[PDB]
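In the authors' numbering, the protein residues as written are 1 to 102.
Written out below as structure tokens is the structure these notes cover.
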């Protein structure tokens, strides 16, 4: 038949930060449309160990202390039907445009 099931877990689009902006927010409020969600988990699968995740157990998580690198955060949520879904997001960090001295 045709496709109907919508996105189970949406960890938002690609995240691109540019110093000094060393912090971002993973708003996953748009994970479901019809079937509500009663589970939220934010963890860093790949990337350098250091960043600090806040409210990981919430639809909206915050990661501070980001550096020029690649941070992969997987979002594991569940629906009324104990449906196990996963959704990661590529977080790239660029350097603050412009030269520097010191």
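Backbone N, C-alpha and C fix where the C-beta goes; we use that ideal spot for every residue, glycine too.
Point to revise | Distance, residue 78 Cα to residue 67 Cα | key: For the purposes of this step, residue 67 is taken as the residue at position 67 of the chain shown. For the purposes of this step, residue 78 is taken as the residue at position 78 of the chain shown. Distance between the alpha carbons of residue 67 and residue 78: 31 Å.
Point to revise | beta strand (DSSP E) segment containing residue 71, residue limits | key: On the chain shown, position 71 is the one that residue 71 refers to. From DSSP, the beta strand (DSSP E) with residue 71 extends over 70 to 78.
**Study point:** Distance, residue 62 Cα to residue 45 Cα
**Key:** For the purposes of this step, residue 45 is identified with residue 45 of the chain shown, where counting begins at 1. For the purposes of this step, residue 62 is identified with residue 62 of the chain shown, where counting begins at 1. Here the C-alpha atom of residue 45 lies approximately 15 Å from the C-alpha atom of residue 62.
Review point. Is residue 34 buried or exposed, if buried means 16 or more other CB atoms sit within 10 Å of its CB?
Key: Locating residue 34 in the chain shown gives position 34, where the first residue counts as 1. An exposed status is given to residue 34, since fewer than 16 other beta-carbon atoms sit within 10 Å of its beta-carbon.
Point to revise | Cβ distance (whole Å) where residue 26 is taken to contact residue 12 below 8 Å | key: Within the chain shown, residue 26 is the residue found at index 26, counting from 1. Within the chain shown, residue 12 is the residue found at index 12, counting from 1. In this structure residue 26 touches residue 12 by the C-beta definition: roughly 6 Å separates them, less than 8 Å.
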